[PDB]
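1. Got a sequence here, can you build the structure:
(2 chains)
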Protein chains: 2
Amino acid sequence: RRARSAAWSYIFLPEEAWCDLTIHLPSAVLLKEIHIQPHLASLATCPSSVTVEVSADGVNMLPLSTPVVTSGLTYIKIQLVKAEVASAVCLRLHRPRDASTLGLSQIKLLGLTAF
Amino acid sequence: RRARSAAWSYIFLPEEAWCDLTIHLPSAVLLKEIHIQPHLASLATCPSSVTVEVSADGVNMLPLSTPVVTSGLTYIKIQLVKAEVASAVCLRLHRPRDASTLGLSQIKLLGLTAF
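-> Numbers count the residues shown, from 1 in each chain, chains lettered A, B, ... in the order given. Have a look at this structure:
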């Protein structure tokens, strides 16, 4: 807490409105919750809206729902009502409403494997 | 900048969702823009939505429009299309979306007097 430096910072072009982060798990697991941690020192760099793309095959992303508004949140916790298999998870992050830089502290993919 | 302490901090009760700040000008002036500065060190304490109540008589508040969403903004600038007389300005500030404390740095009422 109060690290004052973003772990990952993205610079937005003026034409660009969505930044993609794609996580390829080594094997397909059941996915229940996804936790995204914005930068606590500056919530101006927090994304305005985050939609979540998952893929059971890992190459064809069939996402989950509408984009969730994440403005003014110290911690983004996205929880699935239905747990679904996902060998790859892609995250489209919108441009922040005021700042032009995207600040993320940590991305967590919580779930269970079989066997 | 980076003062790390809010100039004014409000503690929210769990039942309370709106906090009112009422500014009584000594004389009625034309009002064009209202500038509200949230706490720059922590935008978790920034209000989620701010509606603006003005009053020409100063005792009967006839507000201006729907509440403006202010989540994730380093600076709240509210500008009137039509300048209206206002001897008193009241500001209802919503509870922040994540934090339970309201952090404001400065409130500015920009306008013109006659004569």
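
2. Up against chain B, what does chain A have?
-> Residues of chain A lying near chain B by Cβ under 8 Å from any Cβ of the partner chain: A:41-44, A:46, A:48, A:69, A:71-75, A:96-99. Where C-beta positions appear, they are placed from N, C-alpha and C, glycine not excepted.

3. Just after the helix or strand harbouring residue A:32, pick out the following helix or strand.
-> Element membership for residue A:32, per DSSP states H and E: strand A:18-38. Later in the chain than strand A:18-38, the nearest helix or strand by DSSP H and E is strand A:49-55.

4. Alpha carbons only: can I get that next one in PDB?
-> Extracted in PDB, the C-alpha atoms of strand A:49-55 (Å, rounded to 0.1, in the frame of the first residue of the first chain):
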ATOM      1  CA  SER A  49     -15.000   0.400 -17.500                       C
ATOM      2  CA  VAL A  50     -13.600  -3.200 -17.700                       C
ATOM      3  CA  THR A  51     -15.200  -6.000 -19.700                       C
ATOM      4  CA  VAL A  52     -13.900  -9.600 -19.400                       C
ATOM      5  CA  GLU A  53     -13.200 -11.900 -22.300                       C
ATOM      6  CA  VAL A  54     -12.800 -15.600 -21.600                       C
ATOM      7  CA  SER A  55     -12.100 -18.600 -23.900                       C
END
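
5. what residue is smack in the middle of chain A?
-> residue A:91 (4.5 Å; Cα atoms, centre = their mean).

6. Against residue B:100, how distant is that residue?
-> 28 Å (Cβ to Cβ, to the nearest Å).

7. on that earlier part again, identify the bridge partners of the residue nearest to the centre of chain A.
-> residue A:21, residue A:52 (DSSP bridges).

8. quick one: contacts for it?
-> Going by Cβ atoms under 8 Å, 6 or more residues apart in numbering or on different chains, residue A:91 touches A:20, A:21, A:22, A:23, A:34, A:36, A:50, A:51, A:52, A:53, A:107.

9. what are the bridge partners for the closest residue to the last one other than its chain neighbours, then?
-> Here the nearest residue to residue A:107 in space, its sequence neighbours aside, is residue A:36; by Cβ to Cβ, 6 or more residues apart in numbering or on different chains that works out to 5.5 Å. On DSSP bridges, the residues paired with residue A:36 through beta bridges are residue A:76, residue A:107.

10. roughly how far apart are the spatially closest residue to residue A:56 that is not a sequence neighbour and residue A:109?
-> Once flanking residues are discounted, residue A:56 sits nearest to residue A:85: 4.7 Å by Cβ to Cβ, 6+ apart. Going from residue A:85 to residue A:109 by Cβ to Cβ gives 13 Å.

11. So those two - more neighbours on which side?
-> Counted by other Cβ atoms under 10 Å in any protein chain shown, residue A:85 and residue A:109 do not tie: residue A:109 has more neighbours, with 17 against 14.

12. same for the strand holding residue A:32, what does it pack against?
-> Helices and strands touching strand A:18-38, by 3 or more Cβ pairs under 8 Å, 6 or more residues apart in numbering or on different chains; DSSP states H and E, are strand A:49-55, strand A:76-94, strand A:101-112.
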